[PDB]
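Engineer:
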Amino acid sequence: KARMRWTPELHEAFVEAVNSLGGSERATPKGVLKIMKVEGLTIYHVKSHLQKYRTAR
Amino acid sequence: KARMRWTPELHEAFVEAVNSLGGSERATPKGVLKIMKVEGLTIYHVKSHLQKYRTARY
DNA sequence: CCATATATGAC
DNA sequence: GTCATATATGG
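Quick mapping for you: the protein sequence lines, in order, are chains D and A. For the first sequence, position 2 matches number 226 in the deposited numbering, and the numbering has no gaps at all. For the second sequence, position 20 matches number 244 in the deposited numbering, and the numbering has no gaps at all.
1) Pick out the complete alpha helix (DSSP H) segments inside the segment 242–271 of chain A, 4 residues or longer, and give them in chain order.
2) Can you find a C-beta in chain D that's less than 8 Å from the C-beta of A/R250?
3) Does DSSP classify D/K225 as helix, strand or coil?
4) Sorted by chain position, which residues of the same chain lie with C-beta nearer than 7 Å to D/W230's C-beta, five sequence neighbours on each side aside?
5) Is the CB of A/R281 under 8 Å away from at least one CB in chain D?
6) Give the C-beta separation of D/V256 and D/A241 to the nearest angstrom, bearing in mind that I take them to be a contact with Cβ-Cβ under 8 Å.
7) Quick check: what's the CA-CA separation for D/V239 versus A/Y277?
8) Classify A/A251: buried if its beta carbon has 16 or more other beta carbons within 10 angstroms, exposed otherwise.
9) So what's A/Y282 in DSSP terms, helix, strand or just coil?
10) How many whole angstroms separate the CB atoms of A/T279 and D/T279, which I take to be in contact at a CB cut-off of 8 Å?
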């Protein structure tokens, strides 16, 4: 149990990464992670966050 | 650890329960569970499923 | 409890 | 990679 918290800064960085990869449907967890370059950030962190981002109305 | 499986029939039942209470925005986990009356079905099962249903685009 | 964020398991 | 479900958080 060491849960992660999507601070506005992190989220902002995530967004930029996703735009840079051509939006939420095109981007991939691995690709985003690669771009974000954040120490301790796992692919599973990004995989989950992206799923949610993608279904946000 | 006993992960559950939302068969189409179960889902169908879930939907009916939710409509019965006035669609996704009005319905509540406890309320749905009460209506569904399914052996082994916990409130946490329904809570999760409802969250997803509520954010389903279509 | 009701709602939401995040994690973990399953295709 | 995608998607389904569970578990943790906040009110």
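Ideal Cβ placement from N, Cα and C applies to all residues, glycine included.
Structural biologist: Concretely, from the data shown:
1) Segments of the alpha helix (DSSP H) lying fully in the segment 242–271 of chain A: 247–250, 253–260.
2) Answer no: the Cβ-Cβ gap between A/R250 and chain D never drops below 8 Å.
3) Note: D/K225 maps to coil in three-state DSSP.
4) Result list for D/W230: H273, in chain order.
5) So yes, A/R281 belongs to the interface.
6) About 5 Å separates the two Cβ atoms, so the contact holds.
7) Taking the straight line from one Cα to the other gives about 25 Å.
8) A/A251 is classed as buried because its beta carbon has at least 16 other beta carbons within 10 Å across all chains shown.
9) Correct three-state label for A/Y282: coil.
10) That pair is a contact at about 5 Å.
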